[PDB]
Amino acid sequence: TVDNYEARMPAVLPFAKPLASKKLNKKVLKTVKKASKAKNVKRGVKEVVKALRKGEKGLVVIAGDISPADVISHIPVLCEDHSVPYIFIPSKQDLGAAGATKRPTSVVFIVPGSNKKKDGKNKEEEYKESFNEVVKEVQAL
Amino acid sequence: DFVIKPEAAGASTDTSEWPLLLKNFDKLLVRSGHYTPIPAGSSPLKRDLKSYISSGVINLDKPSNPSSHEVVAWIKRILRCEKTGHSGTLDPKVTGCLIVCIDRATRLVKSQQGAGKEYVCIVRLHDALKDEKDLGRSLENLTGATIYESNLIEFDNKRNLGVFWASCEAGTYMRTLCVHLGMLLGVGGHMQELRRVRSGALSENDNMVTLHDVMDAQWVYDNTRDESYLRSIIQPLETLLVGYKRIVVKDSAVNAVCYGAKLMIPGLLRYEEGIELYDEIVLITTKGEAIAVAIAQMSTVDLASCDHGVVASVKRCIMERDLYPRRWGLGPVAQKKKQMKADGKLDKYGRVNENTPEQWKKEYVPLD
Amino acid sequence: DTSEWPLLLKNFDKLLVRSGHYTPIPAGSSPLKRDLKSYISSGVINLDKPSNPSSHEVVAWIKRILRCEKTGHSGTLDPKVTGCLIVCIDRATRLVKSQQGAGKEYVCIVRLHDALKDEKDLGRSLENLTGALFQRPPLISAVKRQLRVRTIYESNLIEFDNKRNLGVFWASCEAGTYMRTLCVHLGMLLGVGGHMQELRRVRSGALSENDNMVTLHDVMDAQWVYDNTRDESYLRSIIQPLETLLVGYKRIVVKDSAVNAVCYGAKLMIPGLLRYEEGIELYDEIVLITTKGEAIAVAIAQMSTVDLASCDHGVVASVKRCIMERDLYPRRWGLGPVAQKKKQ
Amino acid sequence: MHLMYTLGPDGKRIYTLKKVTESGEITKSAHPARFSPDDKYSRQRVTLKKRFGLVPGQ
Amino acid sequence: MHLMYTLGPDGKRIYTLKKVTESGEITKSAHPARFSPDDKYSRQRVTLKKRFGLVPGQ
Amino acid sequence: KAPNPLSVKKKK
Amino acid sequence: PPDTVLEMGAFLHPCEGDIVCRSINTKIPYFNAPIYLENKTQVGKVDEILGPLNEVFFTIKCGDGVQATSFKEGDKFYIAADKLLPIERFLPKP
RNA sequence: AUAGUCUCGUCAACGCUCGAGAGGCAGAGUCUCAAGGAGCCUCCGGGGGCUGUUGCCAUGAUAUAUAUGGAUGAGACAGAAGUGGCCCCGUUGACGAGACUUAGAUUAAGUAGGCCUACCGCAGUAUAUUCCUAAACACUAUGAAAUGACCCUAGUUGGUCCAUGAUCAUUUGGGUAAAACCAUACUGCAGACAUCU
């Protein structure tokens with residue numbers, strides 16, 4: 001089938017900057033999937049906003065094909081307030097699939113170290129290098 | 001050389017692009033072109049921000065959690081005004097169009113009641129249909145005599161979902177309509193979603209904004225001192241009066257009409273074709289401001305034909321009382337009546353007595 | 001076809017026509033077709049002011065070079081600013097503040113006292129300083145130092161060198177805004193400290209640096225050319241008419257017979273109105289022009305569009321400030337049909 | 001939700017149940033976003049829309 | 001002085017801190033030359049600019 | 001402290 | 001010292017020997033107004049008022065023996081009640 | 001006197017989704033729910049499919065629960081708490097209360113006094129002058145430049161300025177310190193509805 005990267009580009013909101021490249025989008029989706037296996041993830045606007053307000057640190061991934069736009073139009077400047085890097089991807093179905101849920105989600109906040117279990121700590125250690133290189137490539141934009 | 005030559009090309013006055021109540025101003029028949037403008041008042045689009053908000057309406061997209069009264073109270077809290085209101089009430093689960101009137105615009109709430117409403121509704125059918133088109137036929141069984149008109153937009157039998165547009169008074173009749181569609185189809189059906197696409201004069205395509213827009217515009221004005229966004233989201237109350245027939249008033253008679261006088265022939269400036277006796281009309285100035293909603297006490301041929309009479313009576317006064325100066329009593333017949341009252345040819349109230357000369361009994365007709 | 005027409009006569013066919021017919025009077029001229037004395041006495045120079053002199057010294061220099069009777073400016077007195085300086089000569093001084101609502105634009109270099117840990121923060125700090133702002137005038141400025149609110153409408157960070165510690169940014173600001181205070185505030189929000197290294201005004205009111213900007217060498221060379229050669233072309237090239245300062249104003253075209261009465265202080269009436277803008281509102285500031293495009297006065301509108309279109313008589317405008325001289329046009333009042341009928 | 005819409009040539013809404021139309025244009029949700037009167041993010045929304053010229057009247 | 005400029009496609013100035021742009025174009029100083037009211041070289045400047053047509057009046 | 005005498009002048 | 005002092009600012013960072021504070025007070029301070037603690041002891045006076053209307057900052061001119069590096073984030077700085085003036089004054093009148 | 005308008009609080013009548021709660025919405029705290037797991041089959045420890053229209057949670061709503069939905073959320077604590085956080089029908093008539101008026105809509109160059117003055121419109125002038133002197137800013141005259149000059153607890157190779165004149169010394173001499181508007185006084189020009197064919 002057609003990939004959701006090329007499919008959802010007409011639906012991308014005008015303020016969806018920075019937008020990930022296809023290789024970067026694949027790396028972000030893989031990192032989100034590994035973090036969801038680590039359970040080091042916040043899904044949806046409510047959880048992401050609450051975690052940002054408490055002071056959690058990580059990476060924010062925002063879907064681009066969001067209608068209406070007032071669902072997510074406060075997230076990027078709120079991430080800038082708390083010094084958290086963010087990046088936009090064009091598809092919310094892919095974000096939900098990588099975020100270990102059946103239905104699509106709007107925004108994902110990877111917070112490393114958010115799981116109390118030791119198995120979650122080991123999974124954090126194994127996806128840590130991918131998370132670090134993704135964050136460096138996002139901040140390089 | 002570059003000099004504007006005589007009879008050169010230039011823009012001609014096209015009143016079709018004039019805003020709001022000033023649109024098609026050339027269609028109005030002219031009672032008189034001789035008048036003195038008073039440098040008072042403003043255009044409805046050019047009011048200062050206090051008068052613009054105090055005379056403003058908001059076409060709003062209501063969310064699916066709250067009711068209309070709660071949204072109106074929220075808008076009053078956000079804009080920090082004295083009064084807010086609305087005419088068409090939406091149920092909580094319904095989204096769509098809602099007209100919110102602010103302060104002086106709340107005077108027009110009662111008048112716009114009873115206007116037509118248009119909804120777009122999704123009906124969920126409990127079972128699949130043997131024939132799809134029968135649903136449309138079923139809709140034609142329910143349309144008319146109360147649903148005035150309806151149109152089936154789409155119907156997916158695999159999803160068992162049908163979206164259709166209809167015109168009706170309320171949304172509880174939409175629940176009832178979906179239940180009767182289910183019963184006459186025989187499979188049974190209920191309402192999935194409902195949305196009002198038109199409430200009264202305004203629709204969803206006529207500058208609908210959201211509650212986030214209202215909050216952001218108030219925030220921008222408070223913290224940035226920028227009024228453009230607040231002026232964009234808020235429309236004048238004259239937008240609600242475009243359907244009415246218009247009568248244009250001289251500036252000397254505006255304040256007298258605002259206090260409660262009956263508007264008369266010397267005050268009339270322009271009038272519209274098709275004005276019939278006892279029809280509801282709108283009294284406007286030359287700047288397009290709405291003075292009042294009135295009742296036409298004379299017809300169009302009468303307005304063309306008579307030299308004296310009562311033109312209209314104020315049903316609901318819209319304009320503030322002291323926006324225009326008091327210029328009544330300064331006319332020729334008015335000063336003559338004052339002189340007769342002072343000099344004993346009329347009593348203290350102005351009625352005819354024995355000292356009144358017979359020529360005043362002939363030429364003057366008391367409209368009181 | 002009217003887009004190439006100069007100055008205030010540009011796009012004059014968009015004006016609504018009240019009266020299409022008039023009989024011209026062979027008096028006056030176009031602003032570009034004036035004689036050289038009237039051209040200089042009504043002239044405006046968009047000057048590329050250098051860094052070292054102040055604006056007062058530059059205005060005095062232009063007055064001494066061109067042998068004017070007075071010259072003026074309404075620019076901010078920050079030292080070391082280069083770029084746009086609007087110099088009004090003689091009568092044009094009365095229009096020295098006609099474009100204050102247009103604002104100004106600046107390209108500014110900020111020097112940071114230390115290197116930032118994060119580069120992008122500088123841009124973020126600039127985005128924090130956009131909007132209504134609390135500013136106090138610096139010590140160097142002649143304006144009294146009280147706290148005011150000044151609006152920066154839009155700003156953009158052009159470049160930043162963290163090793164050189166220098167940041168070039170463009171800003172659009174309200175008149176009365178100081179960029180020295182803005183650079184100090186940027187340094188205060190960053191925490192490293194900073195100040196204004198260089199400042200350049202790229203737009204002042206309506207005129208910009210691309211709108212025929214000349215240097216002081218151009219003024220002195222043009223005066224030398226006219227003195228020794230009797231050639232006006234270079235002096236006419238560097239000097240602009242005052243009508244350039246009146247763009248963006250709503251225009252009313254006045255009949256020739258009604259011009260000089262307006263110069264004598266009369267209100268403008270409906271029989272003297274010829275053409276007018278769409279959307280003229282009551283109490284707006286407007287410019288009264290002739291058919292030749294020369295400006296009679298700045299006036300205050302007494303009627304709106306419907307009254308301008310459909311009223312047979314009455315006050316159209318009241319003179320706020322008269323630019324044109326008396327008796328440039330003949331006195332033609334008292335000759336109209338209604339006035340002669342009442343006199344008879 | 002199920003109500004989707006597109007914009008016609010005139011600019012008015014065309015209502016569909018489809019996520020992707022026959023022409024291939026992705027449809028938009030008709031219902032507005034959830035609002036709370038105690039919302040505290042007007043600054044963030046205004047800043048983001050002002051970075052891209054999306055503020056009405058800008 | 002640090003402020004340099006180059007000419008864009010539209011003719012407006014692009015301001016920069018660099019001597020040479022990334023495309024390789026040499027940037028020009030944005031500030032004007034220093035002026036003295038006692039300068040006595042108008043004849044030389046006018047003659048040289050008339051020799052090459054650089055006079056604005058010409 | 002005080003206005004100039006030429007600034008505030010009485011009528012003739 | 002005044003009997004009643006109101007919390008004026010919160011510490012942000014030092015800047016060139018001055019203390020930058022985000023204003024936690026709705027009103028604008030007087031120029032050179034003294035800045036206190038909860039102990040009513042003066043640490044300095046207001047040096048500069050800056051920032052947008054929604055987010056006002058002020059820098060304090062530190063006195064003798066008062067160092068900007070000695071204070072940490074979250075420290076509150078207090079002003080007298082009469083040294084505040086309403087923000088409506090600086091806005092243009094209607 | 002009469003009549004109208006605006007702001008209000010009661011009764012009656014007629015309609016409606018039939019209207020005050022164990023209610024709803026917004027917000028705060030705690031907890032639960034997102035196929036994040038398990039098995040199988042392939043491909044090169046990881047990737048892709050199958051179980052899986054499965055499972056987990058909510059929902060009886062005019063209702064198919066073999067159903068409809070699920071973070072652009074739902075449920076429990078909570079029939080609670082709180083409301084000094086908000087919301088809970090419309091039209092007409094009558095009564096009572098407070099106000100504003102009681103209005104015929106003027107003026108093709110003004111207002112007030114005794115033919116003339118004063119105010120009003122516009123345009124100008126003045127708002128200290130001369131001499132000496134202090135200071136600031138910039139220039140200019142003379143001499144000094146590539147081993148150029150200045151600053152910093154000072155350099156694994158610091159930074160800034162610099163013939164487009166830096167930084168030093170003598171004073172060589174002149175320049176700038178405005179303009180616009182308000183207020184007061186004075187002077188002058190007009191009282192103009194704009195024909196021209």
# chains A, B, ... in the order shown; residues from 1 in each chain; ligands from 1

call {"tool": "residues_around", "arguments": {"residues": "stretch 56-70 of chain G", "least_positions_apart": "6", "cutoff": "10 Å", "atoms": "only C-alpha atoms (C1' of nucleotides)", "output": "count of residues only"}}
result
41

call {"tool": "interface_residues", "arguments": {"of": "chain D", "to": "chain C", "cutoff": "12 Å", "atoms": "only C-alpha atoms", "output": "list in words"}}
result
residues 43, 44, 46, 47, 48, 50, 51, 53 and 58 of chain D

call {"tool": "calpha_fit_and_write", "arguments": {"fixed": "chain D", "moving": "chain E", "output": "PDB file with N, CA and C atoms, in the first residue's frame"}}
result
ATOM      1  N   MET E   1     -16.295  11.310  16.069  1.00  0.00           N
ATOM      2  CA  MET E   1     -17.259  12.046  15.261  1.00  0.00           C
ATOM      3  C   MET E   1     -17.248  11.574  13.812  1.00  0.00           C
ATOM      4  N   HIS E   2     -18.410  11.653  13.161  1.00  0.00           N
ATOM      5  CA  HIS E   2     -18.550  11.068  11.833  1.00  0.00           C
ATOM      6  C   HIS E   2     -18.602  12.133  10.745  1.00  0.00           C
ATOM      7  N   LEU E   3     -19.120  13.316  11.067  1.00  0.00           N
ATOM      8  CA  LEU E   3     -19.341  14.332  10.045  1.00  0.00           C
ATOM      9  C   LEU E   3     -18.023  14.948   9.597  1.00  0.00           C
ATOM     10  N   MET E   4     -17.705  14.773   8.317  1.00  0.00           N
ATOM     11  CA  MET E   4     -16.499  15.324   7.723  1.00  0.00           C
ATOM     12  C   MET E   4     -16.901  16.298   6.629  1.00  0.00           C
ATOM     13  N   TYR E   5     -15.970  17.163   6.235  1.00  0.00           N
ATOM     14  CA  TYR E   5     -16.269  18.140   5.200  1.00  0.00           C
ATOM     15  C   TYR E   5     -15.064  18.334   4.295  1.00  0.00           C
ATOM     16  N   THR E   6     -15.342  18.842   3.100  1.00  0.00           N
ATOM     17  CA  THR E   6     -14.319  19.267   2.161  1.00  0.00           C
ATOM     18  C   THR E   6     -14.743  20.606   1.576  1.00  0.00           C
ATOM     19  N   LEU E   7     -13.813  21.269   0.901  1.00  0.00           N
ATOM     20  CA  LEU E   7     -14.052  22.605   0.371  1.00  0.00           C
ATOM     21  C   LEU E   7     -14.351  22.532  -1.119  1.00  0.00           C
ATOM     22  N   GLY E   8     -15.476  23.114  -1.521  1.00  0.00           N
ATOM     23  CA  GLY E   8     -15.865  23.151  -2.909  1.00  0.00           C
ATOM     24  C   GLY E   8     -15.216  24.294  -3.659  1.00  0.00           C
ATOM     25  N   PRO E   9     -15.492  24.387  -4.970  1.00  0.00           N
ATOM     26  CA  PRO E   9     -14.952  25.494  -5.775  1.00  0.00           C
ATOM     27  C   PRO E   9     -15.410  26.868  -5.310  1.00  0.00           C
ATOM     28  N   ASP E  10     -16.651  26.959  -4.829  1.00  0.00           N
ATOM     29  CA  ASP E  10     -17.183  28.247  -4.397  1.00  0.00           C
ATOM     30  C   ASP E  10     -16.674  28.639  -3.019  1.00  0.00           C
ATOM     31  N   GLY E  11     -16.101  27.691  -2.279  1.00  0.00           N
ATOM     32  CA  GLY E  11     -15.630  27.925  -0.937  1.00  0.00           C
ATOM     33  C   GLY E  11     -16.556  27.419   0.149  1.00  0.00           C
ATOM     34  N   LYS E  12     -17.784  27.049  -0.202  1.00  0.00           N
ATOM     35  CA  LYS E  12     -18.706  26.499   0.779  1.00  0.00           C
ATOM     36  C   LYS E  12     -18.363  25.047   1.078  1.00  0.00           C
ATOM     37  N   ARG E  13     -18.856  24.555   2.209  1.00  0.00           N
ATOM     38  CA  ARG E  13     -18.539  23.202   2.641  1.00  0.00           C
ATOM     39  C   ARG E  13     -19.382  22.172   1.903  1.00  0.00           C
ATOM     40  N   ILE E  14     -18.746  21.064   1.537  1.00  0.00           N
ATOM     41  CA  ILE E  14     -19.425  19.862   1.075  1.00  0.00           C
ATOM     42  C   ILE E  14     -19.280  18.819   2.169  1.00  0.00           C
ATOM     43  N   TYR E  15     -20.405  18.374   2.714  1.00  0.00           N
ATOM     44  CA  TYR E  15     -20.405  17.475   3.857  1.00  0.00           C
ATOM     45  C   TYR E  15     -20.425  16.030   3.381  1.00  0.00           C
ATOM     46  N   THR E  16     -19.747  15.158   4.122  1.00  0.00           N
ATOM     47  CA  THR E  16     -19.612  13.762   3.743  1.00  0.00           C
ATOM     48  C   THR E  16     -19.343  12.922   4.982  1.00  0.00           C
ATOM     49  N   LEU E  17     -19.565  11.620   4.836  1.00  0.00           N
ATOM     50  CA  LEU E  17     -19.264  10.636   5.862  1.00  0.00           C
ATOM     51  C   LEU E  17     -17.925   9.954   5.641  1.00  0.00           C
ATOM     52  N   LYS E  18     -17.230  10.285   4.558  1.00  0.00           N
ATOM     53  CA  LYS E  18     -16.040   9.561   4.141  1.00  0.00           C
ATOM     54  C   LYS E  18     -14.783  10.294   4.585  1.00  0.00           C
ATOM     55  N   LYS E  19     -13.732   9.524   4.868  1.00  0.00           N
ATOM     56  CA  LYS E  19     -12.456  10.123   5.241  1.00  0.00           C
ATOM     57  C   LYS E  19     -11.752  10.719   4.029  1.00  0.00           C
ATOM     58  N   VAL E  20     -11.790  10.025   2.895  1.00  0.00           N
ATOM     59  CA  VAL E  20     -11.192  10.485   1.648  1.00  0.00           C
ATOM     60  C   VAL E  20     -12.273  10.476   0.575  1.00  0.00           C
ATOM     61  N   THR E  21     -12.369  11.565  -0.185  1.00  0.00           N
ATOM     62  CA  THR E  21     -13.334  11.640  -1.271  1.00  0.00           C
ATOM     63  C   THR E  21     -12.923  10.740  -2.436  1.00  0.00           C
ATOM     64  N   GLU E  22     -13.817  10.644  -3.424  1.00  0.00           N
ATOM     65  CA  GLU E  22     -13.530   9.841  -4.609  1.00  0.00           C
ATOM     66  C   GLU E  22     -12.435  10.475  -5.457  1.00  0.00           C
ATOM     67  N   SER E  23     -12.332  11.806  -5.430  1.00  0.00           N
ATOM     68  CA  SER E  23     -11.250  12.482  -6.135  1.00  0.00           C
ATOM     69  C   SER E  23      -9.914  12.334  -5.419  1.00  0.00           C
ATOM     70  N   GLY E  24      -9.914  11.839  -4.185  1.00  0.00           N
ATOM     71  CA  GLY E  24      -8.696  11.625  -3.437  1.00  0.00           C
ATOM     72  C   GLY E  24      -8.370  12.674  -2.401  1.00  0.00           C
ATOM     73  N   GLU E  25      -9.246  13.652  -2.191  1.00  0.00           N
ATOM     74  CA  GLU E  25      -8.974  14.704  -1.223  1.00  0.00           C
ATOM     75  C   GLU E  25      -9.308  14.230   0.187  1.00  0.00           C
ATOM     76  N   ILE E  26      -8.403  14.499   1.130  1.00  0.00           N
ATOM     77  CA  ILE E  26      -8.647  14.147   2.521  1.00  0.00           C
ATOM     78  C   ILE E  26      -9.665  15.107   3.116  1.00  0.00           C
ATOM     79  N   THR E  27     -10.686  14.552   3.761  1.00  0.00           N
ATOM     80  CA  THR E  27     -11.725  15.362   4.371  1.00  0.00           C
ATOM     81  C   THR E  27     -11.315  15.805   5.772  1.00  0.00           C
ATOM     82  N   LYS E  28     -11.863  16.943   6.189  1.00  0.00           N
ATOM     83  CA  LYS E  28     -11.570  17.548   7.477  1.00  0.00           C
ATOM     84  C   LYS E  28     -12.779  17.413   8.390  1.00  0.00           C
ATOM     85  N   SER E  29     -12.524  17.295   9.692  1.00  0.00           N
ATOM     86  CA  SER E  29     -13.607  17.174  10.658  1.00  0.00           C
ATOM     87  C   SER E  29     -14.381  18.482  10.765  1.00  0.00           C
ATOM     88  N   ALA E  30     -15.710  18.374  10.748  1.00  0.00           N
ATOM     89  CA  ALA E  30     -16.560  19.558  10.732  1.00  0.00           C
ATOM     90  C   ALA E  30     -16.758  20.157  12.116  1.00  0.00           C
ATOM     91  N   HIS E  31     -16.588  19.364  13.165  1.00  0.00           N
ATOM     92  CA  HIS E  31     -16.846  19.849  14.510  1.00  0.00           C
ATOM     93  C   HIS E  31     -15.628  20.598  15.048  1.00  0.00           C
ATOM     94  N   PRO E  32     -15.833  21.648  15.843  1.00  0.00           N
ATOM     95  CA  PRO E  32     -14.692  22.387  16.395  1.00  0.00           C
ATOM     96  C   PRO E  32     -13.997  21.617  17.506  1.00  0.00           C
ATOM     97  N   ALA E  33     -12.849  22.142  17.924  1.00  0.00           N
ATOM     98  CA  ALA E  33     -12.117  21.552  19.033  1.00  0.00           C
ATOM     99  C   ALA E  33     -12.837  21.818  20.349  1.00  0.00           C
ATOM    100  N   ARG E  34     -12.580  20.954  21.328  1.00  0.00           N
ATOM    101  CA  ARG E  34     -13.190  21.105  22.641  1.00  0.00           C
ATOM    102  C   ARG E  34     -12.594  22.300  23.373  1.00  0.00           C
ATOM    103  N   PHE E  35     -13.462  23.112  23.968  1.00  0.00           N
ATOM    104  CA  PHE E  35     -13.059  24.323  24.667  1.00  0.00           C
ATOM    105  C   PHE E  35     -13.286  24.168  26.162  1.00  0.00           C
ATOM    106  N   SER E  36     -12.348  24.685  26.949  1.00  0.00           N
ATOM    107  CA  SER E  36     -12.472  24.762  28.389  1.00  0.00           C
ATOM    108  C   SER E  36     -12.259  26.202  28.833  1.00  0.00           C
ATOM    109  N   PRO E  37     -13.155  26.767  29.648  1.00  0.00           N
ATOM    110  CA  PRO E  37     -12.976  28.162  30.087  1.00  0.00           C
ATOM    111  C   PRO E  37     -11.762  28.374  30.973  1.00  0.00           C
ATOM    112  N   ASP E  38     -11.209  27.308  31.545  1.00  0.00           N
ATOM    113  CA  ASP E  38      -9.997  27.392  32.346  1.00  0.00           C
ATOM    114  C   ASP E  38      -8.730  27.142  31.539  1.00  0.00           C
ATOM    115  N   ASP E  39      -8.808  27.187  30.209  1.00  0.00           N
ATOM    116  CA  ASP E  39      -7.631  26.996  29.372  1.00  0.00           C
ATOM    117  C   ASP E  39      -6.666  28.163  29.544  1.00  0.00           C
ATOM    118  N   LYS E  40      -5.376  27.845  29.647  1.00  0.00           N
ATOM    119  CA  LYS E  40      -4.351  28.818  29.993  1.00  0.00           C
ATOM    120  C   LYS E  40      -3.296  28.979  28.904  1.00  0.00           C
ATOM    121  N   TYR E  41      -3.606  28.576  27.674  1.00  0.00           N
ATOM    122  CA  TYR E  41      -2.625  28.541  26.601  1.00  0.00           C
ATOM    123  C   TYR E  41      -2.938  29.509  25.469  1.00  0.00           C
ATOM    124  N   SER E  42      -3.440  30.704  25.783  1.00  0.00           N
ATOM    125  CA  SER E  42      -3.693  31.694  24.742  1.00  0.00           C
ATOM    126  C   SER E  42      -2.391  32.258  24.188  1.00  0.00           C
ATOM    127  N   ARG E  43      -1.377  32.407  25.047  1.00  0.00           N
ATOM    128  CA  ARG E  43      -0.098  32.968  24.619  1.00  0.00           C
ATOM    129  C   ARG E  43       0.584  32.084  23.586  1.00  0.00           C
ATOM    130  N   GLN E  44       0.596  30.770  23.827  1.00  0.00           N
ATOM    131  CA  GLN E  44       1.231  29.837  22.903  1.00  0.00           C
ATOM    132  C   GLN E  44       0.535  29.835  21.549  1.00  0.00           C
ATOM    133  N   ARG E  45      -0.799  29.793  21.561  1.00  0.00           N
ATOM    134  CA  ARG E  45      -1.572  29.791  20.325  1.00  0.00           C
ATOM    135  C   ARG E  45      -1.373  31.082  19.542  1.00  0.00           C
ATOM    136  N   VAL E  46      -1.412  32.224  20.233  1.00  0.00           N
ATOM    137  CA  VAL E  46      -1.242  33.514  19.574  1.00  0.00           C
ATOM    138  C   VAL E  46       0.161  33.654  18.996  1.00  0.00           C
ATOM    139  N   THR E  47       1.191  33.230  19.737  1.00  0.00           N
ATOM    140  CA  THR E  47       2.561  33.319  19.238  1.00  0.00           C
ATOM    141  C   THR E  47       2.774  32.434  18.014  1.00  0.00           C
ATOM    142  N   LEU E  48       2.244  31.207  18.042  1.00  0.00           N
ATOM    143  CA  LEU E  48       2.422  30.316  16.901  1.00  0.00           C
ATOM    144  C   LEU E  48       1.649  30.804  15.681  1.00  0.00           C
ATOM    145  N   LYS E  49       0.470  31.396  15.884  1.00  0.00           N
ATOM    146  CA  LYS E  49      -0.285  31.892  14.737  1.00  0.00           C
ATOM    147  C   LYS E  49       0.299  33.194  14.195  1.00  0.00           C
ATOM    148  N   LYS E  50       0.958  33.988  15.043  1.00  0.00           N
ATOM    149  CA  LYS E  50       1.653  35.169  14.537  1.00  0.00           C
ATOM    150  C   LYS E  50       2.933  34.793  13.806  1.00  0.00           C
ATOM    151  N   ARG E  51       3.536  33.653  14.155  1.00  0.00           N
ATOM    152  CA  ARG E  51       4.735  33.223  13.441  1.00  0.00           C
ATOM    153  C   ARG E  51       4.429  32.843  11.997  1.00  0.00           C
ATOM    154  N   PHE E  52       3.188  32.452  11.711  1.00  0.00           N
ATOM    155  CA  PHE E  52       2.799  32.017  10.377  1.00  0.00           C
ATOM    156  C   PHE E  52       1.674  32.855   9.782  1.00  0.00           C
ATOM    157  N   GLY E  53       1.311  33.967  10.417  1.00  0.00           N
ATOM    158  CA  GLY E  53       0.285  34.833   9.872  1.00  0.00           C
ATOM    159  C   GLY E  53      -1.127  34.301   9.950  1.00  0.00           C
ATOM    160  N   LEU E  54      -1.412  33.389  10.882  1.00  0.00           N
ATOM    161  CA  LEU E  54      -2.723  32.751  10.912  1.00  0.00           C
ATOM    162  C   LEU E  54      -3.693  33.496  11.823  1.00  0.00           C
ATOM    163  N   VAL E  55      -3.250  34.595  12.429  1.00  0.00           N
ATOM    164  CA  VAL E  55      -4.167  35.385  13.258  1.00  0.00           C
ATOM    165  C   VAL E  55      -5.155  36.116  12.359  1.00  0.00           C
ATOM    166  N   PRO E  56      -6.464  36.044  12.631  1.00  0.00           N
ATOM    167  CA  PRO E  56      -7.435  36.811  11.828  1.00  0.00           C
ATOM    168  C   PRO E  56      -7.211  38.314  11.849  1.00  0.00           C
ATOM    169  N   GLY E  57      -6.785  38.869  12.984  1.00  0.00           N
ATOM    170  CA  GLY E  57      -6.468  40.288  13.027  1.00  0.00           C
ATOM    171  C   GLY E  57      -5.250  40.637  12.194  1.00  0.00           C
ATOM    172  N   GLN E  58      -4.271  39.740  12.156  1.00  0.00           N
ATOM    173  CA  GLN E  58      -3.046  39.945  11.393  1.00  0.00           C
ATOM    174  C   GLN E  58      -3.306  39.854   9.895  1.00  0.00           C
TER     175      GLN E  58
END

call {"tool": "atom_distance", "arguments": {"atom1": "atom CA of residue B:31", "atom2": "atom CA of residue B:276"}}
result
16.7 Å

call {"tool": "residues_around", "arguments": {"residues": "residue C:285", "least_positions_apart": "6", "cutoff": "7 Å", "atoms": "only C-alpha atoms (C1' of nucleotides)", "output": "number ranges by chain"}}
result
C: 298-301
